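Okay, structure first, notes after.
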Amino acid sequence: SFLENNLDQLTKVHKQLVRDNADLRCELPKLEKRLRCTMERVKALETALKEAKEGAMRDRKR
Amino acid sequence: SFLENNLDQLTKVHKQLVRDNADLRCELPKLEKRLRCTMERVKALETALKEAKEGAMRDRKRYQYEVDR
Amino acid sequence: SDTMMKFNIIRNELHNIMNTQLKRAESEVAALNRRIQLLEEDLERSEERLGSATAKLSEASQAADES
């Protein structure tokens, strides 16, 4: 009846978007954790670099 | 008819949501890949730091040997 | 190679990682999180309309038989 095919298609696409959103809402925190663990590793590398750089410049001071 | 204008307006809203959803479904896996490629660069940096650290005390035992002579 | 050159090489590349990819990643995850929630809100506003249009079409289907 055209109105029913239009509404039935809107029903079908809306259910697909709802299920896609549930996937997006679950994969996104995993991405936050991965971003948090990456910057944690970068900061740990960065302070270890100053300890080695200044520790190397303390030894040239001899 | 009002209901057909209503459904046509709802159709338009879903067209925008489909494009919004398609964009998000494309950026999230891409960001994981970009984060994965960053961690590979950090791992290479971490091994390059340990190579530099061993090189630094190879120089520290060298300075102590240029002083004991 | 030289030791102090090695440290500054690592510092420079580590600077490029924080200042480009890591910096962009933080504001992108913030936008992505907000866009996902806004889309869901739009979907949640959308269902109420689809639920009302579904009831309106069925009432018209039953009224098309009585006329």
Side-chain angles (χ1 to χ4, degrees), chain A residues 17 20-59, chain B residues 17 19-53 55-63 65 67-68, chain C residues 1-20 22-43:
Chain A
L17 295 169
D20 281 359
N21 200 269
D23 290 355
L24 290 168
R25 290 187 286 107
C26 162
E27 265 52 84
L28 174 70
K30 305 193 202 183
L31 212 60
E32 301 186 336
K33 172 185 283 182
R34 177 183 302 281
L35 167 60
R36 197 196 145 198
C37 292
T38 299
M39 307 203 286
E40 283 185 350
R41 201 146 163 180
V42 165
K43 192 88 190 308
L45 172 47
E46 187 210 78
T47 72
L49 177 54
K50 291 126 170 151
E51 292 182 336
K53 182 183 182 59
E54 276 161 34
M57 289 167 50
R58 219 173 57 158
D59 289 354
Chain B
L17 300 182
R19 279 183 290 270
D20 288 352
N21 178 70
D23 282 359
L24 290 171
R25 284 211 130 213
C26 267
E27 301 174 38
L28 256 78
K30 209 74 197 67
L31 172 55
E32 173 184 345
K33 291 191 218 181
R34 285 175 183 163
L35 288 171
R36 282 172 173 275
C37 155
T38 294
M39 258 306 295
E40 290 178 349
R41 301 177 54 187
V42 178
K43 289 177 192 302
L45 283 184
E46 286 167 304
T47 68
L49 176 60
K50 274 194 220 183
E51 175 222 47
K53 282 164 84 71
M57 74 109 90
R58 260 77 158 172
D59 289 6
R60 175 200 320 168
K61 303 257 149 135
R62 188 177 90 193
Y63 297 144
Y65 176 74
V67 189
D68 71 9
Chain C
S1 201
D2 196 53
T3 294
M4 288 294 295
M5 171 201 173
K6 283 194 179 65
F7 289 144
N8 295 342
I9 286 284
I10 297 153
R11 161 190 77 188
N12 289 347
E13 262 300 282
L14 194 54
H15 278 340
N16 186 267
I17 294 176
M18 303 166 323
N19 302 344
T20 58
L22 278 190
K23 172 184 168 177
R24 281 190 286 252
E26 187 232 333
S27 66
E28 274 160 346
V29 181
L32 286 161
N33 182 46
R34 190 83 209 116
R35 291 159 64 207
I36 287 162
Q37 203 52 41
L38 286 179
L39 176 49
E40 182 182 24
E41 287 178 355
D42 273 7
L43 289 172

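Numbered from 1 within each chain, the chains take letters A, B, ... in sequence-line order.
For the atom pair NE2 of C:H15 and CG of C:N12, the computed distance is 6.5 Å after rounding to the nearest 0.5 Å. With rounding to the nearest 0.5 Å, the separation of CG in C:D42 from CG in C:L39 is 6.5 Å. Distance CG/B:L45 to NZ/B:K43: 12.0 Å, rounded to 0.5 Å. With rounding to the nearest 0.5 angstrom, the OG1 atom of B:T38 is 11.0 Å from the CE atom of A:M39. With values rounded to the nearest 0.5 angstrom, A:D59 atom CG is found 9.5 Å from B:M57 atom CE. In this structure, CG in B:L24 is found 11.0 Å from CG in A:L17, a value given to the nearest 0.5 Å.
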Side chain to side chain contact (heavy atoms under 4.5 Å, CB included) between B:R58 and C:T3: does it pass, once the steps are laid out? CA-CA 10 Å; B:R58 260 77 158 172; C:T3 294; over 6 Å; no
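In plain terms, the two heavy atoms of C:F7 and A:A52 that are nearest each other are CE1-O, 3.4 Å. Counting all heavy atoms, side chain and backbone alike, A:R25 lies closest to C:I36 at CG-CG2, 3.6 Å.
Residues passing the side-chain contact (heavy atoms from CB on, under 4.5 Å) test with C:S1 are C:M5, C:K6, sequence neighbours excluded. With sequence neighbours left out, the salt bridge (charged side-chain N to carboxylate O under 4.0 Å, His left out) criterion links A:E51 to no other residue. For A:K50, the side-chain hydrogen bond (donor to acceptor under 3.5 Å, both in side chains) partners two or more places apart in sequence, or in a different chain, are A:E46. Checked against side-chain hydrogen bond (donor to acceptor under 3.5 Å, both in side chains), C:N8 has the following partners two or more places apart in sequence or in another chain: A:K53. Remark: B:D20 pairs with B:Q16 by the side-chain hydrogen bond (donor to acceptor under 3.5 Å, both in side chains) rule, at least two apart or across chains.
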Please output the side-chain donor-acceptor pairs of residues 28-37 of chain A that fall under 3.5 Å, not counting sequence neighbours, one pair per line with the distance.
| from | atom 1 | to | atom 2 | distance (Å) |
| --- | --- | --- | --- | --- |
| A:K30 | NZ | A:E27 | OE2 | 3.3 |
| A:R36 | NE | A:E40 | OE2 | 3.2 |
| A:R36 | NH2 | A:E40 | OE2 | 3.1 |

